[PDB]
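Backbone-built Cβ (ideal geometry, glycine too); neighbour counts: all protein chains shown. Just so it is clear, none of the values below were taken in a lab; they were calculated from the coordinates.
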Amino acid sequence: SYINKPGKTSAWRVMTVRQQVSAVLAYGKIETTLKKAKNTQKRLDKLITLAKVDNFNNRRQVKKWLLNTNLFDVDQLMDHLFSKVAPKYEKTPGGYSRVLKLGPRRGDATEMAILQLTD
Amino acid sequence: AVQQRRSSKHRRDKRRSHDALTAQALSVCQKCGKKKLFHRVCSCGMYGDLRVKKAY
Amino acid sequence: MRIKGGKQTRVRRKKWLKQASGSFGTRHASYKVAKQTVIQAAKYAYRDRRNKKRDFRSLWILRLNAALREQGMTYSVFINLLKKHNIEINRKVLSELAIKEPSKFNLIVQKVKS
Amino acid sequence: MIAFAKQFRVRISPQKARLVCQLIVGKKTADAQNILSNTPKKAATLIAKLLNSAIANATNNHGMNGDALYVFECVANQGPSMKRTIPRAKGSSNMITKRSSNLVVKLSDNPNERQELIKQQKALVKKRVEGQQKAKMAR
RNA sequence: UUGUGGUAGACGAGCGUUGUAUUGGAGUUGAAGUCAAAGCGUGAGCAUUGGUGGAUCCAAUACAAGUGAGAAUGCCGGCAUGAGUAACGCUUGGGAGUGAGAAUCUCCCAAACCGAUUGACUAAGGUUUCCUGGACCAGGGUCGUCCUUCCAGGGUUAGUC
RNA sequence: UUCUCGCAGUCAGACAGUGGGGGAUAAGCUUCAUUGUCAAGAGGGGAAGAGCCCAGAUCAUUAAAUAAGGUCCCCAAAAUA
RNA sequence: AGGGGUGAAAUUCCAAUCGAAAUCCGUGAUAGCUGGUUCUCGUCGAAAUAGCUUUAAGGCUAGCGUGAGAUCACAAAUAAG
RNA sequence: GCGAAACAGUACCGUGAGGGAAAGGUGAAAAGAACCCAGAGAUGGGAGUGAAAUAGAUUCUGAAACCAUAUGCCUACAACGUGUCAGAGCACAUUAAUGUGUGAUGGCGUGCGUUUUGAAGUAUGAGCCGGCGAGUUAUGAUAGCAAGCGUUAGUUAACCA
RNA sequence: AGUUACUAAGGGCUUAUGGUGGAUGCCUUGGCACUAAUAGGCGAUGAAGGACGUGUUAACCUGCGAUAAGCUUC
Ligand SMILES: [Mg+2]
Ligand SMILES: [Mg+2]
Ligand SMILES: [Mg+2]
Ligand SMILES: [Mg+2]
Ligand SMILES: [Mg+2]
Ligand SMILES: [Mg+2]
Ligand SMILES: [Mg+2]
Ligand SMILES: [Zn+2]
């Protein structure tokens, strides 16, 4: 066959990662597919760990990932992160998030999973 | 490529032997009673003694 | 005058199908196959109704040969010893059954020794 | 003591409904409602409702014990079909046939409930031979 | 006593169907038709009992024919198999809401293509497809609370176009 | 199997033995005369074979004697010299 | 506008069709050519050759089958001479 | 049977001339199934009317192919035109019969029409079931059989009542 | 060392049922072919055939024509 959708290009994967990390920091919970959740978790953890020092280099490095959401805009989301989310976790070595499996979806029988983060 | 001879009602039934379904594993959530499929969160939104969701 | 007649056709086909029961697969369902199989089965019946009397005589010969081979003579010599001497029309089966009730058969096989 | 419940012309296939109907058959009702809710099939949301309706019909109407119930016998018979045309290359117009299923679930109360159907079968031939014999008095 | 394999093919005797005629006769105490059964005939074919069904029908002798189906790449209808296989015909992520039910609907926020266009105005055509409210038999290549589908109500206003 | 009358069908034949033509004493070749068989014909022998050998099926029998062919086992039936 | 048209010519194009459109009618065209032709039992049982044929895949007559009837001894067969 | 038993030359195909279908039956009468339970709802299960609701709006009867369920028997070292002749074990019990259903195991076994010298055919037709479907008719000729009438026989046609 | 009941993922045979499906059977405000009578046309006084409209009544069918599911008279 010939004409075909662009599909899951690497840019699509990375941009989905960015959108989901923005969404999880903004609200604190995500209800997504499991096999996107296990892939979002890595970037989530790396950001929160990179964000405990608060120098301007860390602000630049985190600006490379976040996107604005309905709750917070990006320059509001950065402050919201570095003020309350990042320091809360400052003493935990790893393990900043959990992915728990929901029930299968009616549309596709995909394995819905919830991504969240608590102490 | 086509069949040369119709596959009877005997050969067809034999092929579908492996089509049977499996009964999925079931657990009973503590913190309420119900049969959630094992290793998930029931509709309580409680997984074990931890809360991960809303009422239903 | 118009005549339809779906009764007679169905009755005939029903008889043909009823003839072939205990047949594999569709042979007892579709009539077109049932008729072929009934015809073939009756051919086999006609052939076997002759082959079975062709074969049962052979079986009697075999189970008479075995009985005589444990007395010291063969079946191909026993038949002489019935026809030429002590002319007997004892049949070729009953001289077989007499072994299943033996020691009355030994009387035969030693009677022809005269 | 059967108390069945039937749904006609459900928009599911007969051959996809028979896969979960096999799961539910012969098992007790407590481990049927939930086991049928939890399976990921289209043929399960359409049979959970029907099975629960059968439960309610048995309990209210006929007045059986409940926790003695078990799913006696399950099927998905072929409901009426729908015929539709489908375009193709070069205009050849194959016919799509939409299927359907006349689901019915029977819920027995006593554990046997099967020798009784055989008993009716045997009576239906006993009376035939009896009527045959009473008509041998044609002298 | 002599015979009795047999296609093309000649000849003979016959069964069954539909109806008409006269003659007998059965029928809601259940007629035909339909299935089932462990019957009777040399064959075409013919009875008996029971369930269903709910009003016509059986035998005897003649008569008249749309009179006897396994084949026509036969006609019409139904149903299989191939098979729950190929295909599903250019695109995402989430929050909040609704609702019995949501990937699929409403809102929000991004995200991704278009940009001499997937934008805006109209002719030709098409003929209500437009707007509001409601519904989810069928159509939608999935789903659907939703649709350009369906239902009730509505809208097109010229001295100069 | 001669004569008259009604009614057809058939006119693509094949093989084995025999005597010859064409052929190359080649063809499961072709064309003839002749005897059979098959066609239109089953059973047994032939391992399996339409055409060879024996034979010519009214139907049933879980009866007896045979023809060709055959008797260590498959496969029924034999020994002596 | 079709035993016509048009063609910077290819047998192009003439409403997805063009060595002569589309549909209606004569019309159930004709076809020595394929295919099909529906219930049973009994009696008998062939030919696949000769002559002619614008005939050779077909046809007519003879030959061979069957039915009805006669000839019934001198007719036809089968053996010896 | 008119193409047409009903809103048929309709719907539909075609630019156009033109081509051109399918399907009917509750019960005597709606007494069209209030009410209850499950469910969102259709619907289903009880109730109720009624002779029957296996008459329920899928609406006279309701075969077959076809798809599912189940008692009884067999099958996972076995070469199979799928049956037949023998034959065990198993389970039942009849249109009372040297009975019925299955059938471990032995012997035996290359379908049906067509056309052909000859086809299991590596030649062709049929996917399966049901229905429809192919030597008639008018007017004359000859032959066979039967009947009436008969040795100056027999016999009417058109037409009229 | 050896003998042999049980297994059936699934299949096969019979028998009973259920569903689809609508043949056979009964029936019909319909057609077919005919007989006996009658009559053998309509139309500038605007026909045949059609559109459009009309309701206490949605659409459709029918009747009917601004006098519009009807008017006058015997
Ligand atoms: Mg082939
Ligand atoms: Mg599979
Ligand atoms: Mg495949
Ligand atoms: Mg594949
Ligand atoms: Mg695929
Ligand atoms: Mg035939
Ligand atoms: Mg071919
Ligand atoms: Zn719980």
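Output yes when any residue across the stretch C:13-32 is away from ligand 8 (no atom under 16 Å from the Cβ) and under 30 Å from C:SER76 (Cα atoms), and no when none is.
If we filter the stretch C:13-32 for residues that are away from ligand 8 (no atom under 16 Å from the Cβ), which is where we start, we get C:13-32.
Checking the rest, the ones that are also under 30 Å from C:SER76 (Cα atoms) come to none.
Taking every residue of the stretch C:13-32 in turn, none turns out to be away from ligand 8 (no atom under 16 Å from the Cβ) and under 30 Å from C:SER76 (Cα atoms).
Given the conditions (1) within 14 Å of RNA strand F (Cβ to nearest atom); (2) within 14 Å of chain B (Cβ to nearest Cβ), which single one is not true for C:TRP60?
It is condition (2) that C:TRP60 fails.
How many residues are part of a loop (DSSP other than H, G, I, E, B) and away from RNA strand I (no atom under 12 Å from the Cβ) when one looks only at the stretch C:1-46? Write out each step before concluding.
So the first thing to find is which residues in the stretch C:1-46 are part of a loop (DSSP other than H, G, I, E, B), and the list is C:1-6, C:20-24, C:29-30.
Remaining after also requiring away from RNA strand I (no atom under 12 Å from the Cβ): C:1.
Residues flagged as part of a loop (DSSP other than H, G, I, E, B) and away from RNA strand I (no atom under 12 Å from the Cβ) within the stretch C:1-46 amount to 1.
Among the candidates A:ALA86, A:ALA113, which residue alone is within 14 Å of another protein chain (Cβ to nearest Cβ) and not in a loop (DSSP other than H, G, I, E, B)?
Details: A:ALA86 fails: within 14 Å of another protein chain (Cβ to nearest Cβ).
A:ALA113 is the lone residue from the list that is within 14 Å of another protein chain (Cβ to nearest Cβ) and not in a loop (DSSP other than H, G, I, E, B).
Restricting to the stretch D:36-80, give me the number of residues that are over 30 Å from A:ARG105 (Cβ atoms), within 16 Å of RNA strand I (Cβ to nearest atom) and outside any strand (DSSP E or B).
Residues meeting the conditions: 1.
Quick check, is A:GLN20 surrounded by 13 or more Cβ atoms within 10 Å (Cβ to Cβ), under 10 Å from the mean Cα position of the chain (by Cα) and more than 30 Å from D:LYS41 (Cβ to Cβ)? Can you show your working first?
Details: surrounded by 13 or more Cβ atoms within 10 Å (Cβ to Cβ): yes; under 10 Å from the mean Cα position of the chain (by Cα): yes; more than 30 Å from D:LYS41 (Cβ to Cβ): no.
No.
Return the total of residues in the stretch B:41-56 being surrounded by 11 or more Cβ atoms within 10 Å (Cβ to Cβ) and assigned to a loop (DSSP other than H, G, I, E, B). Can you show your working first?
So in the stretch B:41-56, the residues surrounded by 11 or more Cβ atoms within 10 Å (Cβ to Cβ) come out as B:41-48, B:50-53.
This time we only want the ones that are assigned to a loop (DSSP other than H, G, I, E, B), so: B:41-45, B:48, B:52-53.
Residues flagged as surrounded by 11 or more Cβ atoms within 10 Å (Cβ to Cβ) and assigned to a loop (DSSP other than H, G, I, E, B) within the stretch B:41-56 amount to 8.
Surrounded by 14 or more Cβ atoms within 10 Å (Cβ to Cβ), free of Cβ contacts under 8 Å to residues at least 40 places away in the same chain and outside any loop (DSSP other than H, G, I, E, B), is that true of B:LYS14?
Values: surrounded by 14 or more Cβ atoms within 10 Å (Cβ to Cβ): no; free of Cβ contacts under 8 Å to residues at least 40 places away in the same chain: yes; outside any loop (DSSP other than H, G, I, E, B): yes.
For B:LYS14, the condition - surrounded by 14 or more Cβ atoms within 10 Å (Cβ to Cβ), free of Cβ contacts under 8 Å to residues at least 40 places away in the same chain and outside any loop (DSSP other than H, G, I, E, B) - is not met.
Results for (1) out of contact with any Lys or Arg (no Cβ under 7 Å at 6 or more places or on another chain); (2) more than 10 Å from chain D (Cβ to nearest Cβ), shown as yes or no for each residue.
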| position | (1), (2) |
| --- | --- |
| B:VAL2 | yes, yes |
| B:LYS9 | yes, yes |
| B:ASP19 | yes, no |
| B:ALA23 | yes, no |
| B:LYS34 | yes, no |
| B:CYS42 | no, yes |
| B:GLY45 | no, yes |
| B:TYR56 | yes, yes |
